[PDB]
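Just below is one structure, and these are the notes that go with it.
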Amino acid sequence: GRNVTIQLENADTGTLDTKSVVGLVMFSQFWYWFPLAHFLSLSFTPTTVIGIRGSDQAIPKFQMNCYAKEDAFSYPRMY
Amino acid sequence: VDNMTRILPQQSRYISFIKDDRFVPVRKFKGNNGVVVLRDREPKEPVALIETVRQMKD
Amino acid sequence: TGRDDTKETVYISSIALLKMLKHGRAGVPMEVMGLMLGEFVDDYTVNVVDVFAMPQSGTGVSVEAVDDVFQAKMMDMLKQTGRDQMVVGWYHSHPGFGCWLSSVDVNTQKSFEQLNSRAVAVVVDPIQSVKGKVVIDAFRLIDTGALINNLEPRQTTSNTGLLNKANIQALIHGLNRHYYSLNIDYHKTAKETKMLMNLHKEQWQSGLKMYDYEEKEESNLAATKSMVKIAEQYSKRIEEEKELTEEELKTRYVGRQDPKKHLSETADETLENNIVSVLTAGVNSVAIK
Amino acid sequence: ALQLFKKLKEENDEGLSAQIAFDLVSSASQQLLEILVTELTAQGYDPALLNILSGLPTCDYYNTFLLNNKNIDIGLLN
Numbered sequence: 710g711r712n713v714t715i716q717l718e719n720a721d722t723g724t725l726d727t728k729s730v731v732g733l734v735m736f737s738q739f740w741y742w743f744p745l746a747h748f749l750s751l752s753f754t755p756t757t758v759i760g761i762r763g764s765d766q767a768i769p770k771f772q773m774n775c776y777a778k779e780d781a782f783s784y785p786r787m788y
Numbered sequence: 868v869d870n871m872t873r874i875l876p877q878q879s880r881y882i883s884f885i886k887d888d889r890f891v892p893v894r895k896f897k898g899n900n901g902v903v904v905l906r907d908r909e910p911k912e913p914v915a916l917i918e919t920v921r922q923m924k925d
Numbered sequence: 018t019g020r021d022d023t024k025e026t027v028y029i030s031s032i033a034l035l036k037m038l039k040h041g042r043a044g045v046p047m048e049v050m051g052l053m054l055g056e057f058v059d060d061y062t063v064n065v066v067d068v069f070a071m072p073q074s075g076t077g078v079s080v081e082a083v084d085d086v087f088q089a090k091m092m093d094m095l096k097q098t099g100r101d102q103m104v105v106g107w108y109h110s111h112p113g114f115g116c117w118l119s120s121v122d123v124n125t126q127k128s129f130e131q132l133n134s135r136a137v138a139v140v141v142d143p144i145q146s147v148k149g150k151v152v153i154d155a156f157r158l159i160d161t162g163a164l165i166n167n168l169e170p171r172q173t174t175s176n177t178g179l180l181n182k183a184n185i186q187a188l189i190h191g192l193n194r195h196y197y198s199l200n201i202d203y204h205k206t207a208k209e210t211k212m213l214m215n216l217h218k219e220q221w222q223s224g225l226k227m228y229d230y231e232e233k234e235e236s237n238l239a240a241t242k243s244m245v246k247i248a249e250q251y252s253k254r255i256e257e258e259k260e261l262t263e264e265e266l267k268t269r270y271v272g273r274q275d276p277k278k279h280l281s282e283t284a285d286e287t288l289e290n291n292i293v294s295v296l297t298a299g300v301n302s303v304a305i306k
Numbered sequence: 238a239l240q241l242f243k244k245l246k247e248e249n250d251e252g253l254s255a256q257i258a259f260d261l262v263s264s265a266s267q268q269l270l271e272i273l274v275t276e277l278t279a280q281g282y283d284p285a286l287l288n289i290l291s292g293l294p295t296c297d298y299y300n301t302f303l304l305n306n307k308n309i310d311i312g313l314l315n
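Protein chains in written order, with the entry's author numbering: chain G, 710 to 788; chain E, 868 to 925; chain V, 18 to 306; chain X, 238 to 315.
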C-alpha cells in the first residue's frame with residue numbers, strides 16, 4: 710500500500726517505542742525458525758495527517774494547503 | 868492535498884489548514900503525523916462526512 | 018504423517034572423533050568401519066558418545082562385515098562397564114575418495130535403516146581433506162517414494178544444513194539421493210580440553226636447562242661470519258634498485274635469491290637465541306646460590 | 238497524567254478532551270495506557286475518556302485510510 714513506515718522510535722515525544730523494538734528482534738532471526746518474520750507487523754505504523762472533526766469524532770472531507778513540489782511526492786513509480 | 872492521504876514527515880513541515888474552510892485546529896497543528904482535532908466554527912451547517920465504522924458500533 | 022523427519026545434526030563428541038581418525042588412518046587405503054554408540058534426543062540431535070571398532074575384513078565394508086557373533090561378544094562386555102547403549106549409526110571411511118556413498122555402501126546403509134530408523138553414516142576422509150578442518154560429512158538414506166514426490170524440502174526442515182559442492186552437479190545429486198548432509202559439531206568438556214593441552218611434563222626442567230657451552234661459542238662465530246658473506250650479496254642488490262617497476266626488476270635481472278630476506282631472518286634467529294641464553298644462565302646463578 | 242485529567246475535569250469540551258487523549262494514545266506505550274485507564278476509573282472519570290484511551294478510534298481511522306488509498310502494483314506479486 711506504500712503508506713506504512715518503520716519508526717526507529719517515536720518522533721512526537723522522543724520516547725522509545727516498545728512495539729517496534731519487540732517486532733525487530735524476532736524479525737532478525739528467521740534462520741532458526743522461519744514463521745518469525747511475521748512479527749515485523751508490530752513495527753509498521755501508519756503515518757498520515759487525519760483531520761478529525763471534534764464535535765462527534767468522525768472523519769470530515771476537507772482540503773489542506775501543502776506548499777511542495779507535487780510531482781515528487783506522488784506515490785512511487787508504477788511498473 | 869486531500870484529507871486522509873499519506874503525508875510524509877517532510878511534507879508535514881509545509882502544512883497549512885486553509886482559512887477559506889471553517890475548520891481550524893482547536894490548538895495549532897502538531898507539526899507531524901497523527902490525529903489532529905479540529906474546531907468547527909459553525910456546527911449548524913451540514914458537513915459532508917465519512918461516518919466512521921466506530922460510529923456505527925457505538 | 019506430520020513427522021518432520023528432520024535429518025540428524027550429528028553432535029560427535031571429542032573422544033569419538035579422535036578414535037575414528039586413529040582407526041581410519043591405519044587402514045589406509047582399505048575402508049575401515051565399526052559402530053557408533055550414543056543416544057538420540059530431540060528429533061534431530063543425535064549424540065555420539067563413543068564408537069567401537071569392527072575387525073577389518075576383505076570386503077571393503079559390506080553387510081557381510083556385520084557379524085553377529087563379534088557384536089554380541091563386544092556388546093556383552095560393554096554391559097559390564099555400563100557402556101552399553103543403543104546403536105545410533107555406523108561410521109566408515111572412504112579415504113581413497115571424497116565424502117560420498119557408493120552403491121555398495123548404500124546396501125550397507127539399507128540394512129542399517131531397518132535396524133534403527135535414524136541410523137547415520139558419517140564418512141571420515143582423513144587425508145585428502147581440502148581444509149585443515151577434517152572434511153567429514155554425515156549421510157542418511159532417504160526413501161524413493163518421498164524423493165519422487167519432492168518431500169525432500171520436508172526432510173530439510175529445522176536444519177540450516179550444510180553445503181557440499183566439490184564434484185558440482187554429480188556431488189549434489191549423490192548427496193540428495195543418499196540423504197542430505199548436515200552439520201557436524203563438537204561437544205567438548207573442560208576436563209577433556211586440559212588433558213589435551215598439557216603435553217610436556219618436562220617443562221619445569223627444560224627451561225632451566227641450558228645448552229652445553231662449547232656449542233654456544235661455536236654457533237656465534239658461524240652466525241657473524243656467515244652474515245659477512247650475505248652482506249656482500251646485499252651490496253649487489255642495491256646497485257640496481259633503478260629498473261622501472263619493482264616487479265620487472267625481480268624478473269629481468271633475477272632479483273630473487275634475495276639477500277635482504279636472509280640477513281633479516283638470520284639476525285632475528287640468532288637474536289632471540291642470545292636473549293634466552295643470557296637470561297637462563299643469569300637466573301640459574303642467583304636462584305640456586 | 239492523572240493530575241492533568243483532574244484539571245481537565247472542569248475544562249471539559251468535546252473538542253478539548255479529544256485533543257489531549259488523541260495526542261496521548263498514539264505515541265504512548267500500549268502498557269502505559271492499560272494501567273492509566275485503570276486509575277482513571279477510580280477517580281470516577283466519564284466512560285468517553287476511557288473509550289478514546291482504549292485505542293479503538295485510532296485503529297479504525299487507520300484501517301480505512303490504508304484500505305482506500307492503496308497504491309499496490311499487482312505485477313510485482315504475480
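By construction, the Cβ of each residue, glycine as well, lies at the ideal position given by its N, Cα and C atoms.
Candidates the options: closest to residue i by CA position
i      : options                           : result
X:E247 : X:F259, X:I289, X:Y282 and X:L303 : X:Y282
V:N184 : V:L199, V:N301 and V:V147         : V:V147
V:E56  : V:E25, V:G41 and V:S79            : V:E25
V:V27  : V:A70, V:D202, V:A239 and V:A187  : V:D202
G:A720 : E:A915, E:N899 and E:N870         : E:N899
X:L273 : X:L239, X:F302, X:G312 and X:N315 : X:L239
G:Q766 : X:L253, X:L270, X:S264 and X:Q267 : X:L253
V:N193 : V:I32, V:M103 and V:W117          : V:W117
V:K39  : V:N166, V:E282, V:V68 and V:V86   : V:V68
V:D85  : V:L132, V:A187 and V:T283         : V:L132
X:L293 : X:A279, X:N249 and X:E271         : X:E271
E:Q877 : G:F782, G:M787 and G:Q772         : G:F782
V:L225 : V:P112, V:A136, V:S294 and V:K36  : V:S294
X:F242 : X:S264, X:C296, X:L287 and X:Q268 : X:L287
V:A138 : V:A163, V:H111, V:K150 and V:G162 : V:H111
V:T297 : V:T174, V:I189 and V:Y228         : V:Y228
Separation of residue j from residue i, as counted between CA atoms
i      : j      : result
V:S134 : V:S128 : 10 angstroms
V:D22  : V:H217 : 48 angstroms
V:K96  : V:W107 : 19 angstroms
V:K277 : V:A248 : 9 angstroms
G:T757 : X:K307 : 13 angstroms
E:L875 : E:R889 : 25 angstroms
E:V893 : G:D780 : 32 angstroms
V:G99  : V:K205 : 21 angstroms
G:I759 : G:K770 : 10 angstroms
G:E718 : G:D726 : 5 angstroms
V:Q73  : V:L54  : 19 angstroms
X:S291 : E:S879 : 27 angstroms
V:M103 : G:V734 : 40 angstroms
V:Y196 : V:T62  : 16 angstroms
V:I153 : G:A746 : 33 angstroms
G:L749 : G:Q738 : 11 angstroms
G:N774 : E:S883 : 5 angstroms
G:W742 : V:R20  : 17 angstroms
V:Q250 : V:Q220 : 41 angstroms
G:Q772 : E:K886 : 11 angstroms
X:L314 : X:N305 : 19 angstroms
V:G41  : V:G51  : 10 angstroms
E:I917 : E:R906 : 17 angstroms
V:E289 : V:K253 : 28 angstroms
Opposing strand residues paired with residue i [DSSP bridges]
i      : result
V:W107 : V:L52 and V:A138
V:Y203 : V:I29
E:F890 : E:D907
E:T872 : G:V758
G:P769 : E:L916
First through last residue of the beta strand (DSSP E) which encompasses residue i
i      : result
E:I882 : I882 to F884
G:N774 : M773 to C775
G:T722 : Unbroken run through G:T722: none, as it is neither H nor E.
G:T754 : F753 to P755
E:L905 : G901 to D907
V:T98  : No beta strand (DSSP E) holds V:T98; DSSP gives it neither H nor E.
G:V713 : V713 to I715
Alpha helix (DSSP H) segment containing residue i, residue limits
i      : result
E:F896 : Looking at the DSSP string, E:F896 is not in any alpha helix (DSSP H), and its letter there is neither H nor E.
V:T18  : Here V:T18 belongs to no alpha helix (DSSP H), and DSSP marks it neither H nor E.
X:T295 : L293 to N305
G:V731 : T727 to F736
V:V121 : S120 to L132
X:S254 : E251 to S264
- Which ranges would you report for the beta strand (DSSP E) in the segment 34-78 of chain V if only whole runs of at least 3 residues count? Fully enclosed beta strand (DSSP E) runs of 3 or longer: 50-58 and 62-70.
- Whole alpha helix (DSSP H) elements within the segment 244-301 of chain V, 4-residue minimum: List check, alpha helix (DSSP H) in window: 263-269.
- Item | Complete beta strand (DSSP E) runs within the segment 144-226 of chain V (minimum length 3 residues, chain order) | Counting only runs of at least 3 residues, the segment 144-226 of chain V fully encloses the following beta strand (DSSP E) elements, listed from N- to C-terminal order: 153-156 and 201-204.
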